[PDB]
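Heads up, the thing below is written out as structure tokens.
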Amino acid sequence: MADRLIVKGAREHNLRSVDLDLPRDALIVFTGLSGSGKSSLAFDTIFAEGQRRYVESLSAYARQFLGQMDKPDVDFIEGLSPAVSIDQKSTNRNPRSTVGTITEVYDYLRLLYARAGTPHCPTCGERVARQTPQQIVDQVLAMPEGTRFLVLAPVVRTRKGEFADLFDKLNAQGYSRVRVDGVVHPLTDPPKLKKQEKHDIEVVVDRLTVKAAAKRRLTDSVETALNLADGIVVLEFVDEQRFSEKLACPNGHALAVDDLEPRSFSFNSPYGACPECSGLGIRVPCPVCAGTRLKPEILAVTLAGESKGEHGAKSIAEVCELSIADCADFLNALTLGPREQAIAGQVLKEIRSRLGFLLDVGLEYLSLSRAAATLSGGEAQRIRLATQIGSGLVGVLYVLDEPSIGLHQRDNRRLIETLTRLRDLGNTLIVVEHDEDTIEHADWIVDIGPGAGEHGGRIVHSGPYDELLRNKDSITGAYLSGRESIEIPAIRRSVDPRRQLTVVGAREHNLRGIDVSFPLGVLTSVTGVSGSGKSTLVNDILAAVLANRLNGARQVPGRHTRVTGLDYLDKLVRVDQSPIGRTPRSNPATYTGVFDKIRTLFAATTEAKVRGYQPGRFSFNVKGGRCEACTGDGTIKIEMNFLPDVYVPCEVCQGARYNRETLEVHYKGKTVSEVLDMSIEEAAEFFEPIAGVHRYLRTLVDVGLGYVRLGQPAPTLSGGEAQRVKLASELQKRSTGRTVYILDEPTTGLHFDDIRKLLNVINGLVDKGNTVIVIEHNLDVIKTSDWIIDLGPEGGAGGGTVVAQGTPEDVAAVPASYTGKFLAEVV
Amino acid sequence: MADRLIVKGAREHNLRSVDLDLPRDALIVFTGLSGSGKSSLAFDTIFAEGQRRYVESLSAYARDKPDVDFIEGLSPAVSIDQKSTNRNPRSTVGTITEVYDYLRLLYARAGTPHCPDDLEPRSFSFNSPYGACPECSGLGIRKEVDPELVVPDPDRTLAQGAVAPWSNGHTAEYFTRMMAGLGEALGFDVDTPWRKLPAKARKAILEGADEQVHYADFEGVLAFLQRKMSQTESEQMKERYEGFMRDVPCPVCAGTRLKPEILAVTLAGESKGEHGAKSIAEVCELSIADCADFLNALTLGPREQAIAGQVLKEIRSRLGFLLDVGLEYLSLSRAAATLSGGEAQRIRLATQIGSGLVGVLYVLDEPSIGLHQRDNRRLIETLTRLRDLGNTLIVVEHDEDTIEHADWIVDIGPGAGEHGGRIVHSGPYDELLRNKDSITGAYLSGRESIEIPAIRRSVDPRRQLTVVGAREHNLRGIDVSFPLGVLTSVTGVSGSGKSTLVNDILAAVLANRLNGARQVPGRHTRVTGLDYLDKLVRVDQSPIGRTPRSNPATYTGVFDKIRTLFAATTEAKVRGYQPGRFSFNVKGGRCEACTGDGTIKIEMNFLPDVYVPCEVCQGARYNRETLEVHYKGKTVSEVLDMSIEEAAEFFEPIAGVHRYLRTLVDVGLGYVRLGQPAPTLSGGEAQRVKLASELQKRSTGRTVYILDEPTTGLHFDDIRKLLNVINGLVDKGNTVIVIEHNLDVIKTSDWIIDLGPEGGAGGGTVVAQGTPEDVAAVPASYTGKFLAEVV
DNA sequence: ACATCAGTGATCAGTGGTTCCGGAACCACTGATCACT
DNA sequence: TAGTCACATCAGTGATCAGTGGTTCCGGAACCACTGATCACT
Ligand SMILES: Nc1ncnc2c1ncn2[C@@H]1O[C@H](COP(=O)(O)OP(=O)(O)O)[C@@H](O)[C@H]1O
Ligand SMILES: Nc1ncnc2c1ncn2[C@@H]1O[C@H](COP(=O)(O)OP(=O)(O)O)[C@@H](O)[C@H]1O
Ligand SMILES: [Zn+2]
Ligand SMILES: [Zn+2]
Ligand SMILES: [Zn+2]
Ligand SMILES: [Zn+2]
Ligand SMILES: [Zn+2]
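Read top to bottom, the protein sequences are chains B and A.
The first sequence lines up with residues 1 to 239, 248 to 291, 410 to 953 when you count with the entry's author numbering.
The second sequence lines up with residues 1 to 63, 70 to 122, 266 to 363, 377 to 953 when you count with the entry's author numbering.
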């Protein structure tokens, strides 16, 4: 029938026509190593194929995307369904759109602020309402019964001019009544008029007081005035009342919002955009934002009536500041009106379903106004997880990245249950996740890339994960199932009371002003369920202050009082998964610092001696070293008439960003193109006489960059490998023990073996007399560190405090943190 | 394991809170009536919600309100309908179906550089210029410019301007200033009429000049037209500006779009066919059928056949799917410029069955449109195999063959109009047989049926139309007879070119000679018999009105009659205001709260609006001021309210309104609300409206009606009502000729002209004609064979 | 007792964006009037 | 085979306007100045 999915012919990088058939509508995992090929095998190729198939079948634009995107690197793919990529691929990074808009609830914010918010004009606080003639005619009831008035049709309001001809025309129609400059005369015998003299021409139409059931004559003259007077009349207390119709404000005033319309409060749209920031929120905030990312008129004046929950009186910015939980609980129960209930029931249902899935993932501490940059990858990953589990399309295919980033252990287990829900839905699941518990908890597991780099990409194991245990060759299989594992260091480097960096007064956001101490020169790790605070505790305060002081920057100090520890460190250098550089001038080889070295060595070639090639001339940055047509990229770009772009290798450059003149020099029997393209593995093997570069390259190989090549582009390598090369380079940069620095979650996409390799690397960094604090939720980071601090019992409400600051074994003994609980479980 | 798809609470128009389950990994058919909601459910709600689901699951890009409580057992929905098609011909059929790409891979595996290797699928893809001819870059037609179209009237001064961008608005004044700059730069006078201008001066005008001239540099209307589509937003503007680009295929490869030298050298080794030197220019020109035939047999050497065999099998399978579709006679070089709705439906069906996605939903429409019955039989086999791929197939098709061949059937809209939109059957269709309330089942069981008329309107050879010398394309100068004064009908196999004959030759000539049309007559030496006719009328499924502004009253013209009727009230007299006052599209009487539209409408792009009665209206779509008149005890709102049949039983002693309502009652679809928006009326309903309107024009029958295949939009009973309409017309003297794949319709038509010995270019001549029985006795038509096995 | 690789740093020597410019006028489609007869 | 006879209007019929739908369209190089190396020195 339809119960299995087959892929055949995965031939790319280390993948060698790798193939596999699996049971559709089950839970399946993809394991292996870093760079083992699973990344592209699952995301780049299989997801590309499925999405391309569905978009071509349906009418997505031209049914296409990237012109078939990648060519099919599978001899045959069968039994498929439209793939769904649950990945950290991308999000909404627009500064105009904050997480409030990204959460598909800015529309609902505007919906509520339209009518629930104060529907009143800013100028006079009068309920914004539009012009109507029916109210004009019905206003006769408002004016007391029997009170004299006049049927005054303002035909020509205040427009002065000698208009005896107009008098004659009005007679030609036939009314016999008129009033000019507020004085009545008969059209039969009107007064004289001059252009200089002001003439307020409101023609009397009929003789009437407030009578009973006089609507016949009333309407007769009244719609007449609504045309002649053009919509306006007055019933004065001639014995006051004005029978006028005005749009927007009833009094003809301007409005912050022209009416009760949600888009009026959309600064991403020009409705709410400031004159001086255009929705960006900057000029230093623009003078008309002052913290609120909205126009001051459209901040609260026309929308202060949001009676959400209790005491509800909110500005658009106020709801923005309402955290996830704050706004969700506010909207859980609120009384704004029956029509509002009818037209916002869908609003409540969408929001509550979204929040239920958000809790199913365990994500509330983020705020509606919280900067989208706070997305930790795992955050947006969980956003999409909730979206797709709520979608409920049964049988759809779903390929998962690793969402554990920014998550706790048993929280991740509960999320694993969340996905097993989708498995039970009949949906097909292919997984990728370093969490062990995720492993051993799937209907099927396929381990790949027996070797990590280009050398290994085959499916070393393919079974119920039992064949992973039976598959000893799978190094990751051995690491996970227990054939081998990382080890706890015998010695936890003792505290250093003298040189200790201690933050005091840290109350930024969730933080409760607690003070946190950290020894310097000995390894340390920080723990806490995501949302606890450590992230901004360091970034916004510790790292921010230390960096802008030691290096004289202007970073945000954060909410803190003081930070001791500066005197013990020569400087701070924040280092994280970031790349080396987006520009073409930034490439592995060039930006690793070996650029000038290779340039000089190539100048030292025998040919370069008989050629006089300057080292800077061996740079593509200068024109001499590069092909000017390529501008330093060694390729030809080809765009044509409304057709996709193509690229070709440049011939003079030979694809090396170095014209043939530069490439002719063949340092050590190798041109610049060669000494770029060869792998980092053979680079460490090579340059043996060159002490510095050889040490750098072998350090890179130890970090595990052998299969990568020095000549690769910067974009071609992941941020994890970028930090790998950065740590390898800084390894030989005279640490002196005082370069105590900071680090983020490094466990991203690392197999246990390379995890332990980097563990040894950081052990060396610590033995250098230094400490690079690490923000890692993982267990082994703590189990190997020698000082540990947990941000309160749990995240958010738990966070902003400390439960065990001291030794890793101290926190292990401490059960106040689940981190210490799992430590007690294992060491 | 949940293997069934359930819908819960579909509410729209006559359809209301529809709940039902279907078996997944099965095949589903739909039945009912026009406007009955069967189509609205199958596509307008089911696939509507499915596409909503996949846009909320659009994992790429930035990711309406289906009026349904819930859905369960869902799968991604695929739309397959005569409507779901586009007008982009550049992507020829081969490229669109991707057949081309796998042939390119085959030829890549067929490395044969010939005496004067180098074979990858990219090098064969004329779509992009690795292989595409150097001159045209694989473009079907050279984008030249027509001097006559650019300048229709040379007598006018160049300053006055002939091209559209030179005429309207401040934009036109800018364009005229740039043209004056071009004149003062190049050296052509700006005010000299093209007639008085030198020919080289006109060519320089149309090619512009270099340099920037006020400043703005222009190089004639060659590339600004190409930029206009990019600049403009709506597709209408770009289509307007693309219409008049001369199409002159490049002679260097003469339509065989690829480098003529490369196709002969790099890949002449292809022995695809009679062991001939199959160049890929030839491959491109090869029709679907012929190209498949020579792709079946070909020797390229042991290595090449070994490394290309799998792609050949893939080609055979997908082209077998296309053959079951029946568009094998269509040629690969064919584009979609003249593509038909049924042809596009077939194209999508073949492409998305070749894609071979298992466990994916498909909503489908009438496959029989522009398809022979045996062809649709093999197509039903194709769809049954598609179902064997574990694919759900929601379908709507009146044709019985598709019916009674699905794992499940659902009949909807027991009534057709607003009254009926609910579910009258859902099951294995055996309980459809049990379900006697199903009108489709009643027709199936013979409760209602149609056949030949008791007598065929006698054909007079004297008063006959004739089409001699019609050779346009598939045609070969055939002289064809058409009885006049009676109902003849054009018939034959699908794609047989009889349509093109009609539209380009028959209809074209008749319209330009009688109705004053100025369209191209194709290629015909002459036509005769116009002396027996006065003015033709070509009618099809097109909707009568695309806006709610127009309504049954406005179209029928009875609207002003009823307005005057209301003016006849004594209250109307005393108020002293015109029938236009009583109108609903009139400024004065239209309440500003709705512009007299009844409910109040305001909405943004994201989600649809909701109807809300207005204080003035309460659904009255009027103003009480006007409604105060109650002519014959009825307000204007009430009069516009009661639908056609109730109005018909009303207005009895009146005359013109009586004729209108009698026409509509005879039509029998009077259920339609008098104020029912034209947009809320199906194409078949609009067709019935059009035939009713023409039924009230006293043409004496001298006129002749030509018609498309109208099965769509008309149920069996709707077709019977239309048959009665045409019967009355022809008894009034009218002539008729209809393209139609329905045996009953043609057997009812008193004469048949069946053209086409073979589909496509194999047709182009009368294979038989005469009474339906006469044409049947001649098996030269397959439709004739069918009219023979019947009767 | 150097080391040719070290070691970064503000300016200076290449990059880095951003765009105005708000609309009615004008013209094509069909309705209705508007005769008109 | 002949001059007077005198008791308006449905329904075309479309022109023709005269409203509605939509048009549409340009100039881009400048302007604001901002931003990653390279010797320099240590
Ligand atoms: N931009 C911000 N706006 C508001 N609150 C923030 C912001 N950044 C951080 N926070 C606060 O810091 C906490 C972040 O916790 P986090 O450090 O991610 O947990 P962990 O310490 O487990 O990594 C949240 O509780 C939040 O209230
Ligand atoms: N101008 C034209 N462009 C393309 N094809 C044409 C043209 N004129 C005639 N034909 C031919 O006429 C055929 C059209 O078939 P058609 O008449 O729609 O089928 P049927 O005979 O069933 O109505 C095409 O197959 C084509 O060979
Ligand atoms: Zn006001
Ligand atoms: Zn602002
Ligand atoms: Zn180059
Ligand atoms: Zn060509
Ligand atoms: Zn209204």
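We put the CB at the ideal spot given by N, CA and C, even for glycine.
| query | Less than 7 Å between the CB of A/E284 and some heavy atom of ligand 6, yes or no? | reply | Yes; taking the cut-off as 7 Å, the Cβ of A/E284 has a heavy atom of ligand 6 nearer than that.
| task | Return yes when at least one heavy atom of ligand 4 lies under 7 Å from the C-beta of B/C415, else no. | result | At least one heavy atom of ligand 4 falls within 7 Å of the beta-carbon of B/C415.
| As assigned by DSSP and simplified to three states, the class of B/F948 | Assigned with DSSP and collapsed to three states, B/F948 falls in helix.
| request: Could you work out which residue in B/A938, B/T118 and B/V851 is closest to B/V265 when comparing CA atoms only? | output: Nearest to B/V265 by C-alpha distance, out of B/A938, B/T118 and B/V851, is B/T118.
| request: Take B/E562 and list the residues in its own chain whose beta-carbon comes closer than 6 Å to its own, dropping the five residues that flank it on each side. | output: Excluding sequence neighbours, B/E562 sits near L606.
| If you measure from the beta carbon of A/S479 to each beta carbon in chain B, is any gap under 8 Å? | The beta-carbon of A/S479 is placed no less than 8 Å from the nearest beta-carbon of chain B.
| request: Can you tell me which of B/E528, B/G795, B/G719 and B/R96 puts its alpha carbon nearest to the alpha carbon of B/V29? | output: Distances from the alpha-carbon of B/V29 to those of B/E528, B/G795, B/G719 and B/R96 put B/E528 closest.
| said: Using only the alpha-carbon positions, how far apart do A/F337 and B/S274 sit? | reply: Our two residues, A/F337 and B/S274, have alpha carbons roughly 54 Å apart in a direct line.
| For the region 26-58 of chain A, which residues have a CB atom closer than 7 Å to at least one CB atom of chain B, in sequence order? | Flagged, chain order: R53, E56 and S57.
| said: Using C-beta distances below 6 Å, list every residue in its chain close to A/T306, excluding the 5 sequence neighbours before and after it, in chain order. | reply: Shown here for A/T306: same chain residues with a beta carbon closer than 6 Å to its own, the five before and five after excluded, namely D340 and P342 in chain order.
| field | A/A83 beta carbon less than 8 Å from that of A/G50 | value | Closer than 8 Å, so yes.
| task | Assign A/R480 to buried or exposed, taking buried as 16 or more other Cβ atoms, counted over all protein chains shown, within 10 Å of its Cβ. | result | Burial check for A/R480: the Cβ neighbour count within 10 Å reaches 16 or more, so the residue is buried.
| Rounded C-alpha distance that separates B/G579 from B/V558 | Answer to the nearest angstrom: the Cα atoms are 18 Å apart.
| is_contact[B/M143, chain A] using C-beta, thresh 8 Å | Not an interface residue.
| query | Skipping 5 residues on each side, what residues in its chain have a beta carbon closer than 8 Å to that of B/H560? | reply | Cβ within range, chain order: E528, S530, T873, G875, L876 and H877.
| request: Look at the alpha carbon of B/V55 and the alpha carbon of A/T709, and state the distance between them as a whole number of angstroms. | output: One C-alpha to the other measures close to 32 Å.
| field | A/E490 CB to nearest heavy atom of ligand 2 below 7 Å | value | Because no heavy atom of ligand 2 lies under 7 Å away, the Cβ of A/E490 does not count as near it: no.
| Paired residues, beta bridge with A/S433 - DSSP | A/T461, per the DSSP bridge assignment.
| request: Give me the Cα-Cα distance between B/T825 and B/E856, rounded to the nearest whole angstrom. | output: Those two C-alpha atoms are separated by around 10 Å.
| Ordered list of beta strand (DSSP E) runs contained in the region 506-552 of chain B, each at least 3 residues | Those beta strand (DSSP E) runs which fall completely within the region 506-552 of chain B and span 3+ residues are 523-526.
| Of all Cβ atoms in chain A, is any one closer than 8 Å to the Cβ of B/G521? | By this cut-off, B/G521 is an interface position.
| How would you list, in chain order, the residues of chain A whose beta-carbon sits under 8 Å from the beta-carbon of B/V84? | Ordered by position in chain A, the residues that pass the 8 Å Cβ test against B/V84 are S57 and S59.
| field | Members of the region 387-405 of chain A near chain B, C-beta cut-off 7 Å | value | Those would be none; no residue qualifies.
| If you draw a straight line from the C-alpha of A/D452 to the C-alpha of A/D537, how long is it? | Each residue's alpha carbon lies about 19 Å from the other.
| message | Tell me the rounded alpha-carbon separation between A/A350 and A/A430. | response | Using only the alpha carbons, I get a separation of about 47 Å.
| task | Name the residue from B/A443, B/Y524, B/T546 and B/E920 whose alpha carbon lies nearest to the alpha carbon of B/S495. | result | A check of alpha carbon separations from B/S495 across B/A443, B/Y524, B/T546 and B/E920 identifies B/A443 as the nearest.
| Going by the CB atoms, is the gap between B/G521 and A/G518 shorter than 8 Å? | Their beta carbons are not under 8 Å apart, which means A/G518 does not touch B/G521 by this criterion.
| task | Would you be able to state if there are at least three C-beta pairs under 8 Å between the region 566-582 of chain B and the region 844-860 of chain B? | result | Result no; under three Cβ-Cβ pairs closer than 8 Å.
| How about B/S651: is its Cβ closer than 7 Å to a heavy atom in ligand 1? | No, ligand 1 has no heavy atom inside 7 Å of this Cβ.
| Whose Cβ in chain A lies nearer than 9 Å to the Cβ of B/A2? | Against chain A, a Cβ distance below 9 Å from B/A2 picks out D25, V520, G521, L551, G552 and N553.
| said: ligand 2 and A/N904: does any heavy atom of the ligand fall closer than 7 Å to the residue's C-beta? | reply: A/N904 Cβ: outside cutoff for every heavy atom of ligand 2.
| Identity of the residue in B/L545, B/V801, B/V128 and B/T842 nearest B/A26 by Cα | Considering only alpha carbons, the answer is B/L545.
| When you check each C-beta in the region 651-670 of chain A against every C-beta of chain B, which residues fall closer than 8 Å? | For chain B, none of the residues of the region 651-670 of chain A brings a beta carbon within less than 8 Å of one of its beta carbons.
| Rounded to whole angstroms, how far is the Cβ of B/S36 from the Cβ of B/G583, which I believe are closer than 8 Å? | The C-beta distance from B/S36 to B/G583 rounds to 6 Å, short enough to fall under 8 Å.
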